[PDB]
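The data below hold one chain only, encoded as structure tokens and taken in the form deposited in one PDB entry.
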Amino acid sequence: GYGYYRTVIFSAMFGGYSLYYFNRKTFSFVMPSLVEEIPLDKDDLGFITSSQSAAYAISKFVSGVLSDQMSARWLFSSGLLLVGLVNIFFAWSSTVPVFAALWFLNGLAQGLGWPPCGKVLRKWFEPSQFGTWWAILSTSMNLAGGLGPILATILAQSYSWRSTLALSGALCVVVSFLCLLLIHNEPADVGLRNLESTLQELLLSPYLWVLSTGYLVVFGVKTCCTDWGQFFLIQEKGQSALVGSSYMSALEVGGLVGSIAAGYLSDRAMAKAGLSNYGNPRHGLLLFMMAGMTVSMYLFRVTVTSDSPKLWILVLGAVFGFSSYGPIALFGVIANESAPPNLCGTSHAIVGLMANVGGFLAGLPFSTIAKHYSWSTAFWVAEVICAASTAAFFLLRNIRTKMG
């Protein structure tokens, strides 16, 4: 049955992705115990995390490019097995260089997880049910990250820090075999079906670069606000050290809610509306959320004094999180849906690369501008850039959409 097969594939995917993220964050989970056992300074942890991040970025781009030439099931299982083996080996090392070398292969293996999931979802689900399940897998990753630390410390205070990593690796290996056994690549491999534009022609379309610039701006603004909102609130507004934590929590909760709601409403709008070679039914929600993000930025910058109630700050944070985390999922869904049946990964790898460079831009120059002039000037610059981007995106709404 279609429902039975979809349920089985979805359950296996959910479990695999949750284990992926747990084993990504296990070192940060268990850091205090190994710090107590073998002392480390602040440089070693940063070096290890930096190596993992660089490996993750490079692998992610490469596996996104290559995911259209190899089977999704084998890619998923191999990545999970390598992640488990790397964790098991990490459990039996006691020197920084070996730690940092083992945490690089971890990023390389982690880069292989999502593109197979995206391809299987696209080939198994109808285009009117392809933003809901995307967001639900994102929430699977969120749930794994949220439930990680509590169980991690609960288990670590009981036995040790070395046993937890080995147990996680063994569980990853077992679940890798289970997912290999359970996941099906295509409906044709069972007896159903739910249904050429070379790379040179794909790269010669303007929609790809429009989406890349949109992702640039959205990710950069989100990173700027997430990284420096507490700093702005503490050093210029005059608030305490708990209002920042509450504002971050509200931002995260509102962002999760906004991602799910954006996916569902966009899928409903696409199902309701028709299809044509020009335009996209998913653009209205994207433009609305962009405008909401800009308005919330302006309100937070201007109408938050030293005597503002805490409820107002929480409301502003929630609204910005909603309107900033919706469009990210929308771009991720669109860059893969509005592509030929092949080259889906190659239509998303470039977008991820733009996200990385936008993160670097949100990191260094924003901080130096804030240090020199002020935080108000830096946030004003970010808001002006976002408003200009939104205006350009609205001006370029009805364009050649289907690339190829």
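The numbering used is simple: start at 1 and walk along the sequence shown.
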For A250, does the count of other compared entries lacking it reach at least a third? no
Taking the other compared entries of this protein, do a third or more of them lack coordinates for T226? no
Missing from the model but present in the deposited sequence, between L195 and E196: 10 or more
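This next part talks about the form deposited in another entry, which is not shown.
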Closer or farther: how do the Cα atoms of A335 and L112 compare in that other deposited form versus the shown form, where the change is at least 3 Å? farther
Since the C-alpha distance between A335 and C179 changes by 3 Å or more in that other deposited form, give its direction relative to the shown form: closer or farther. farther
